[PDB]
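Survey of secondary and tertiary structure
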Amino acid sequence: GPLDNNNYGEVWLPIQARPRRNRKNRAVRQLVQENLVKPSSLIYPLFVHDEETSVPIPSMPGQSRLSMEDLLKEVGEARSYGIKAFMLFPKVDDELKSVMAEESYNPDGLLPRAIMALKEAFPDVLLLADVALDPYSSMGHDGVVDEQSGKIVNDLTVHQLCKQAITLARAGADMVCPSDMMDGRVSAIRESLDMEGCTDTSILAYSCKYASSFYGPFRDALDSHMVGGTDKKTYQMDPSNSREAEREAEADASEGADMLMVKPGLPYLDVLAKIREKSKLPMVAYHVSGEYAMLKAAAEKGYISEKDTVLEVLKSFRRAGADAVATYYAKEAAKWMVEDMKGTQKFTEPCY
Amino acid sequence: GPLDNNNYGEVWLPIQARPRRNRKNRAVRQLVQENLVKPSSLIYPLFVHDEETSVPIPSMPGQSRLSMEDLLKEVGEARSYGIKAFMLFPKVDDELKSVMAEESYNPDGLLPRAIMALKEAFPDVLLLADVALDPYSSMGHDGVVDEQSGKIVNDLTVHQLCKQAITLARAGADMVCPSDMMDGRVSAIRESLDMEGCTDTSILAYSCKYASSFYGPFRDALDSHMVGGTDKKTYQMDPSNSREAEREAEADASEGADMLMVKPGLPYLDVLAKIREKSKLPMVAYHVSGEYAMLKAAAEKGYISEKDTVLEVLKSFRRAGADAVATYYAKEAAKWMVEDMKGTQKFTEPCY
Amino acid sequence: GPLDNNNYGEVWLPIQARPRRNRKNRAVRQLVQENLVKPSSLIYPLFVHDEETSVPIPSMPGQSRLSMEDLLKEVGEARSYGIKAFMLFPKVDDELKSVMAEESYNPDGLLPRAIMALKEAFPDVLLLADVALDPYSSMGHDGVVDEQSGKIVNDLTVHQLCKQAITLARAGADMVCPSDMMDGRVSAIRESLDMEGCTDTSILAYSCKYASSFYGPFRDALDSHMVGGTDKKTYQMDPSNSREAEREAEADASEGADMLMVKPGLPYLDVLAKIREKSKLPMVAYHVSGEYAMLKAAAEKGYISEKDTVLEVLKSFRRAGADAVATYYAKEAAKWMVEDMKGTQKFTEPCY
Amino acid sequence: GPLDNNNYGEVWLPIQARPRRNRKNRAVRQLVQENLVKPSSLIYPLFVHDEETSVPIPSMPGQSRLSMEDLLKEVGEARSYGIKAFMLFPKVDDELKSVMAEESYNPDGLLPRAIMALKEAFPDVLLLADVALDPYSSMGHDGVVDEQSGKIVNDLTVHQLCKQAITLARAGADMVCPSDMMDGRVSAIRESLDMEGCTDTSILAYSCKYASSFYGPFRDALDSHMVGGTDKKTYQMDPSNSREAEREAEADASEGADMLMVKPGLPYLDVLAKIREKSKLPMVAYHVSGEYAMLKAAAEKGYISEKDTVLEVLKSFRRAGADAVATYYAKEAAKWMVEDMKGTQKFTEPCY
Amino acid sequence: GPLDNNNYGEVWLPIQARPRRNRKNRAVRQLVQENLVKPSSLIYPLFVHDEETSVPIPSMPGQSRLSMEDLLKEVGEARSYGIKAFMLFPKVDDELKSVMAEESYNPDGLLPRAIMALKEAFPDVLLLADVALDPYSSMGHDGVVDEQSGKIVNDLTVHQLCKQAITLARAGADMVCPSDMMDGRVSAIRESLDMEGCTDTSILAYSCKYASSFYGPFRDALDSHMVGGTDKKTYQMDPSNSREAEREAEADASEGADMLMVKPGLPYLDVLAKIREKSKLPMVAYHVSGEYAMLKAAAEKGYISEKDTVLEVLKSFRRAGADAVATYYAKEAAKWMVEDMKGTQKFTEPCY
Ligand SMILES: NCc1[nH]cc(CCC(=O)O)c1CC(=O)O
Ligand SMILES: NCc1[nH]cc(CCC(=O)O)c1CC(=O)O
Ligand SMILES: NCc1[nH]cc(CCC(=O)O)c1CC(=O)O
Ligand SMILES: NCc1[nH]cc(CCC(=O)O)c1CC(=O)O
Ligand SMILES: NCc1[nH]cc(CCC(=O)O)c1CC(=O)O
Ligand SMILES: [Cl-]
Ligand SMILES: [Cl-]
Ligand SMILES: [Cl-]
Ligand SMILES: [Cl-]
Ligand SMILES: [Cl-]
Ligand SMILES: [Cl-]
Ligand SMILES: [Cl-]
Ligand SMILES: [Cl-]
Ligand SMILES: [Cl-]
Ligand SMILES: [Cl-]
Ligand SMILES: [Mg+2]
Ligand SMILES: [Mg+2]
Ligand SMILES: [Mg+2]
Ligand SMILES: [Mg+2]
Ligand SMILES: [Mg+2]
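Scoring rules and cut-offs
- Residues numbered from 1 in each chain as written, not as in the entry; some residues may be left out.
- Chains lettered and ligands numbered in written order.
- Part of a larger assembly, values for the part shown.
- Heavy atoms only, no water.
- Residues with missing side-chain atoms left out of burial classes, pairs and counts.
- Near = heavy atom within 4 Å.
- Polar contact = N/O pair within 3.5 Å; in protein donor to acceptor, adjacent residues only side chain to side chain.
- Areas by Shrake-Rupley, 256 points an atom, 1.4 Å probe, with all protein chains shown as cover.
- Nonpolar A, V, L, I, M, F, W, Y, C, P; charged D, E, K, R; others polar.
- Helix = DSSP H or I, 4+ residues; strand = E, 2+ residues; numbered from the N terminus.
- Least-squares fit on C-alpha atoms.
- Buried < 20%, exposed > 50% of the residue type's maximum accessible area, 1.4 Å probe, protein only.
- Contact = heavy atoms within 4.5 Å.
- Buried area = accessible area lost by both parts, 1.4 Å probe.
- Salt bridge = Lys/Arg side-chain N within 4 Å of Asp/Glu carboxyl O.
- Expected span 1.5 Å × (residues − 1).
- Core = buried A, V, L, I, M, F, W, Y, C linked by side-chain atoms within 4.5 Å.
- Patch = residues over 30% accessible without salt bridge, like charges linked within 9 Å, V, L, I, M, F, W, Y side chains within 5 Å.

- What the entry reports as its method is X-ray crystallography, with 2.50 Å given for the resolution.

Shown next, in the form of structure tokens:
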């Protein structure tokens, strides 16, 4: 057979290469560790509403629709842990929503005020605002829906997204994040931004955004579910498709985007890796609302250890090729990191 | 002409892609930072001699030939800042050197004793021991020199390198590092280790090791300069060649090496990168004694800032593809990182 | 065990391939040597000021702020050893610097006069003039600094660099070398040049120029250190990044550059090799002032041998993929080569 | 149409890229020159015979069947110009030729005595000896011919080639060069050498040797033409095939060869470049007798300029991926280079 | 040892793959033959002058400056062997040559007259006409020379080339072949031809044409040698360079070229293969005059067999990746195949 004995009579498989040697102990694993997670690689998305008091999002346990005041307190808490990049979503008062979504470019709207207020209080902090009409749409769609046809009209939607993007830019958004999946919108937004003097303002293109069923809880957060049994499969991508992602990614880099987003997250790590291999831009992954609920719900019932699994997920995103990760665990992960770094350092060390 | 004007009359260059946007401020740079340095990715190389007192190495300013107790002191200090991996080189009494280099496999010799001593005191230290005859050679060559011909005899050298390797493994070296550039030694050493039951002991292969003039100060530290005008050009690689390195790398992986080393360092970052692309093994680079002497010399004269350049150098090794770097600055770099992290955290943060 | 005996009973490792055979002696090493350095692949960078007398640069020993007369002497000595290409930097009087850096396009300024003077004295000399405002900027930045934000404003800076490039081209510069890292400057300069009839004038694009700490001695030479504790990280590249280098290189190619420069040098050989692999343009590398200081520092203390290490360094740039290398050792290298060829030919031979 | 006018009414074609800028003058062309020729990359192939006087080979104008003493004079002359590698072929007395070709391994044969005489007169000289039976074959074929079938029997031939290689090695041949194109002979020869203690002796594998009509003049030189209107198409390669060359080249590399030869030369540059791209071994090309004759014929008639064309030829081999070139012009090329380098330096410069 | 014995005791090397098995006999070699040559892949370049009698070109033996009469007899004889493509070059009366080369665009010039009369005589013939100024230049340059600088001025030259191509296209040329190596001229000629309604006329772009010393005899044929010791190195490519070739090929593809030409031939087969590999356009190689002269010279002197060598060369061109080959042996080669086909069929067979 294949087994021999060694000089001392012990069983010996004479294989030369032994991969387990590089797993021998922590010091060796650390020497060869290929990927690292840090707090300033995490994006923390928050929800603000135009009310006096915060309200839990029951389907996103531990996250809330924050008042302006609790928004400031939350950003400040996250910075104390080394989070620097924040994503802002508004739960718009229902009376303001419409088919055309004109509230999206109202300079006195909730979102611009919040950006203005976070910036006054934390001038060095980094603000990403979503560009898309669904939070402002009475139909629950990211673009304008045609009365007669029911189609999400591409080009008319882009005209609007441009107006929103400039408003957010002017309020102080560092980065606008078109999550709308309309054809051609990166270039259009880019040109408008630039004509207005906002050449500094970045675009995080949602390039490869799938028509997922993992967005449930975010739509609760925003009360932004689609009306009347309609879906977004005429604009968000078919999860059956990878090749198509290259089509979209190539188009967004050449239209001027600063970073590409892949969304959702863990169930699309293959797409993340594929675009990362081909793109020369930074990549961002979005650990979406549904993915967060899955973790919390299993953690709440004791099925998994919350801390170990969240840290494993973030390392995975990072291994799969994400330069940054938008995650509702952003604050909690940084906190765990800073507490270990201050305690016994069971799993952390410094980096630069 | 190529300049236009924007909506407010200001000068406007109508380019879409603006890479500067991803450099806008520290928060964004961190979001998109592709490579990180951590202390546990640094290997600290140290010199021990058999004297009661430590002696400086004038051409490696700040480094010494260490007495056994100062070696323990120095490993302790580096550990406290998070260095986990230590390379050990013996400065051997000139009485014990010879043609065949017998002292190399003496189990009562200095290096085995040092290994055991450090293992008693710091059990979870990773100890890397050099395998090569030049510290023990009366000719100052890494292999056995023929009397009549002057050739470094490959296969007789490899016999000897097996004898040394086993000795160090038994002493407690976690990893042996053949620095000899004889042909076929990785496979031969591996098999001898395994036959003796040392299947756990790792080989860090000096695969792409060049006939460099950046090693002089190390040779000062060991008093190991080549006898009688000769050189190592018959075994170490011509710096003119890159294609040859792929030949060495491929052979060492199939011979069962656990990690591959490229040395010297900065002046070979292209070979490091080439082999990183091709290899599936972890890569190590060596920032050699000559390279250390250059930074140090210019720092003492005031020409460069020591901290900034050293930290840039280490980020470079890591960008180029080093999973780990051997550098005489390892202790000092970890010390800076740990101090910043305890202070203002001007340039570090936690990772995992 | 693996060791066998040959037919004469001598120790034999039965490996077939043996890379050491192609290292046997100088003659075989020469047959298989993949890279060669020649003087006409070196670019010699010099500093000129408007004073009667030359003044040494203490942090770049051997190099001086040259008077116009001594500039001509120095170019002449370098020509005689085979250097054909010379890069010129002006130390400008503090009184002519300003925020808009308008002295940069003054056709009676020091640099244009230096170019005209060198052209009258050696009509076939190859001159490469830097494009960038920092030698003329009272802020020590490569672009115009906005009063209110402190941002280095991109497009207005490009307009200035276009004027600068035209002035230098008109003065007789063979190549303009924009080292500014503004977005889009290559194409803008190209079109400006072409509209003025200077379609012959080349552009050496600094594509991958890093926010390095090795530029210090250069900034002593020009007295052009950044004001107020500011840095250049909003435009020079993060050393942590390689993928970004490809974004920059591909864009300068398609904007019409004739050559691509990676800078700094030895610590960026990985970026140099990667861009070499992907570009169809000639590559240039810059062995920068800080790198020069390190070598000198070490050589002066006797830690290394100056000649050996300089000659290996130059071979390394070349193996890594540099068609040309800009280096303050250019004259000295050529001299060594010419002395060896005129003498005993210990290391040189003819090529074509 | 496509033409516009610049700022001064001059015709202007607004193309951004102008490759001609990199051709502007000699200095620019030298900056970007991809390939260089040097004498120590040339192999000079020579003919010796066992007679008192030398005799021209009329179909190779300017080369001769050298007497032993003239062989020495010629090697000496070629060394003084920097040639280091010499290929040696015996024109064997016809009374010693045979079917078994046993004179190929006579240790008192002309080739072995030629090697010993050269190795005694020029100890640092590099000698390459052909391994093949055709110089000793009374039928003029590279291997043993079967009486009944007329097939060249492969393995029997390899057995004889091993005998021949050992003889040449023992006589002092630095490289043996099997030119036979039997299958498997690289591995057989390697192993036969190693067993005899000749692990130093190199193998220059003729991997891609084509059944060419360009060997005529060489066959005149050795009087080694095939009998009975036969050919070598059952062993040498069909010139119609390129894929096949990869199969050949892979086998020889894994059989242990030190370098790979493609032959003939210029009409197989495509093959040379292909194996250069896919091989990690040093490449050699053979500028064969027939190609030499074509250059000499045309120069003698005044149709071409000998010197210009030969020099362009060696540059082409070298651009196509040859590390070394076997050429009957080797001495004359070195001489032109040395004369230029000592004289006007119109086309040469020093390298290392 | 390496050899063993088969079941009858015969010497046997136990190698599994044997490449000679696919060379066993003509039937097998034919089965696996990767490349074929046919007459309709050959282009026959001819010379016409405006005299009553044809005149031998002594440096291209067997080729002549043909009278119009004799030009029609030669195309007929070649069409009778299967050649369908002809290249036409005019020797111009020295009285009509200018600095501006206006005769190039004369619709009553020799060349337009050759074209029209060949189309009248054979409508099914494919005529390729050169586009370049050198047959018409009093300086012997492919472009207009500035009296003041001596530079071949690119854009003004392209203006002229467009006029010539329009002229030759109206005359009936199926294909114009810009051999001039000015930058951008393929695009410019294409748009010009198009605006005149010559959308059907093809452009074979001399993409990678090198500054070669193999053009001598063609320049004899036309009496077109460069005046006053000048060269074409500021537009034709440096033979030292291959990467540059990719850059020219990419540009000409993207400017609308139908086919791409590499020139010269055999000594550039590496460039031919690389371009073949990257390009999606048909490739043409030019076996230039100097190459022809070398074959003829050696053949006349009896050093090589003309027929075997020529046929081998053409097969090589095709293996290297030539879809078509311009060669002065086109008629002679086609005649050899036809004769073998109509005869005893030693080396040809039918194809489609
Ligand atoms: N265009 C809006 C938007 N931006 C972010 C998310 C989902 C984020 C999450 O689930 O956490 C969505 C919802 C959707 O498009 O249906
Ligand atoms: N084979 C021994 C060895 N191990 C490391 C170095 C050099 C290390 C240094 O310069 O830091 C050397 C010397 C040499 O090979 O000449
Ligand atoms: N654009 C300015 C310039 N041009 C070249 C150098 C540095 C060269 C060296 O260090 O030798 C610099 C300084 C900088 O940009 O910070
Ligand atoms: N196998 C022997 C041998 N070695 C080199 C050549 C030819 C070299 C030349 O033509 O210059 C030949 C002849 C052949 O194989 O037919
Ligand atoms: N552009 C002119 C032209 N077209 C074809 C040839 C050469 C053809 C031959 O050598 O057979 C030349 C000469 C040159 O460019 O100098
Ligand atoms: Cl912090
Ligand atoms: Cl963990
Ligand atoms: Cl910007
Ligand atoms: Cl830093
Ligand atoms: Cl030009
Ligand atoms: Cl050297
Ligand atoms: Cl010499
Ligand atoms: Cl030449
Ligand atoms: Cl067979
Ligand atoms: Cl044939
Ligand atoms: Mg899209
Ligand atoms: Mg090795
Ligand atoms: Mg750029
Ligand atoms: Mg073979
Ligand atoms: Mg071109």
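Still more ground to cover, so stick around.
1. Remarks on the site of ligand 5
All names here are of chain E.
- The local shell around ligand 5 holds 17 residues, among which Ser179, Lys232, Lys263, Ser289 and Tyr328 are the closest.
- Within the contact set of ligand 5, an oxygen atom lies 2.7 Å away from a side-chain nitrogen or oxygen of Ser289.
- In isolation ligand 5 has 410 Å² of accessible area, and contact with the protein removes 100% of it.
- Residue composition of the shell around ligand 5, by class: seven nonpolar, three polar and seven charged.

2. Quick look at the environment of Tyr206 of chain D
- Considering the arrangement of structural elements, one finds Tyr206 of chain D in strand 9 (residues 202-209).
- Here the alpha-carbon distance between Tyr206 of chain D and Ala324 of chain D, two residues 118 residues apart in the chain, equals 13 Å.

3. Side note on the relation of the copies chain E and chain C
- Screw-axis analysis of chain E against chain C gives a translation of 0.1 Å along the axis, an RMSD of 0.2 Å, and a rotation angle of 90 degrees. Such a turn and shift between the copies fits a four-fold axis. Scanning chain E for the C-alpha nearest the rotation axis identifies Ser254 of chain E, at a separation of 9.2 Å.

4. Re the environment of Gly82 of chain D
All names here are of chain D.
- Mapped onto the fold, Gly82 is located in the loop between helix 2 (68-80) and strand 6 (85-91).
- Judged by its relative accessible area of 22%, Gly82 is partly exposed.
- Taking the C-alpha atoms as reference points, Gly82 and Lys331, 249 residues apart in sequence, are found 8.6 Å from one another.
- Among residues more than four places away in sequence, those in contact with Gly82 are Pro39 and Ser40.

5. A closer look at the arrangement of the chains
- Considering only C-alpha positions, the minimal separation of the non-contacting chain A and chain E is 18 Å.
- The smallest C-alpha distance separating chain B from chain E is 18 Å, and no contact links them.

6. Remarks on the interface of chain B and chain C
- The interface of chain B with chain C comprises 82 residues on the first partner and 83 residues on the second.
- Taken over both partners, the interface formed by chain B and chain C buries close to 7000 Å², and the fraction arising from carbon and sulfur atoms is 53%.
- Summed over the shared surface of chain B and chain C, the result is 13 salt bridges.
- A salt bridge links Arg23 of chain B to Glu248 of chain C, with the shortest nitrogen-to-oxygen separation between them at 2.7 Å.
- At the surface where chain B touches chain C, the tally comes to 50 residue pairs in polar contact.
- For the side of chain B that touches chain C, the elements supplying multiple residues, two or more each, are strand 2 (11-12), helix 1 (26-32), helix 4 (154-171), helix 5 (185-195), helix 7 (243-254), helix 8 (269-278), helix 9 (289-301) and helix 10 (306-320) of chain B.

7. Thoughts on helix 11 (residues 330-342) of chain A
- An ideal rise of 1.5 Å per residue puts 18 Å on 13 residues; helix 11 of chain A measures up with 18 Å between its terminal C-alpha atoms.
- Listed in full, the buried residues belonging to helix 11 of chain A are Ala330, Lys331, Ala333, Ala334, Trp336, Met337, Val338, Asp340 and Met341 of chain A.

8. Quick word on the nonpolar core
- Membership of the largest hydrophobic core comes to 246 residues, with the highest contact counts inside it found for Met87 and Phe317 of chain B together with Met87 of chain C.
- Ignoring any residue separated from it by four or fewer positions in sequence, one finds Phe317 of chain B in contact with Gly265, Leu266, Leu269, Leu272, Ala285, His287, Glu291, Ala322 and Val325 of chain B.

9. Topic: the interface of chain E and chain C
- Chain E puts four residues into the contact, and the matching count from chain C is nine residues.
- Here chain E meets chain C over a buried area of about 570 Å², counting both sides, of which 45% is carbon and sulfur.
- Between chain E and chain C we count two salt bridges in total.

10. So, the relation of the copies chain B and chain C
- In the superposition of chain B on chain C (RMSD 0.2 Å, axial shift 0.0 Å), the rotation amounts to 180 degrees. Taken together, the turn and the small shift mark the pair as related by a two-fold rotation axis.

11. Some points on the site of ligand 1
Residue and element names in this part refer to chain A.
- Contacts to ligand 1 come from 17 residues, most closely from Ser179, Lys209, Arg219, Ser289 and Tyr328.
- Taking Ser179, its side chain carries an N or O atom lying 2.8 Å from a nitrogen atom of ligand 1.
- For ligand 1, whose free accessible area comes to 410 Å², the fraction covered by protein is 100%.
- Among the residues making up the shell around ligand 1, the classes are represented as seven nonpolar, three polar and seven charged.

12. Description of a nonpolar patch on the surface
Residues and elements named next belong to chain A.
- Among the surface-exposed residues, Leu3, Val11, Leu13 and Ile15 lie close enough to one another that they form a single nonpolar patch of about 380 Å² accessible area.
- Relative to the assigned elements, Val11 resides in strand 2 (residues 11-12).
- A relative accessible area of 63% places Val11 in the exposed class.

13. Description of the pattern of salt bridges
- With the rule as written, the count across this model stands at 103 salt bridges over all chains.
- Of the charged contacts in the structure, one is a salt bridge between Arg185 of chain A and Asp180 of chain A, with a shortest N-O distance of 2.8 Å. Comparing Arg185 of chain A with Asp180 of chain A, the two get one shared label, buried.
- Here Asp323 of chain A and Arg276 of chain A are joined by a salt bridge, their closest N and O atoms 2.9 Å apart. Remark: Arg276 of chain A occurs in helix 8 (residues 269-278) and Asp323 of chain A occurs in the loop between helix 10 (306-320) and strand 12 (324-327); sequence separation between them is 47 residues.
- You can call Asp323 of chain A buried: its relative accessible area is 3%.
- What you see here is one network of salt bridges that share partners, running through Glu74, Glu77, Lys331, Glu332 and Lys335 of chain B.

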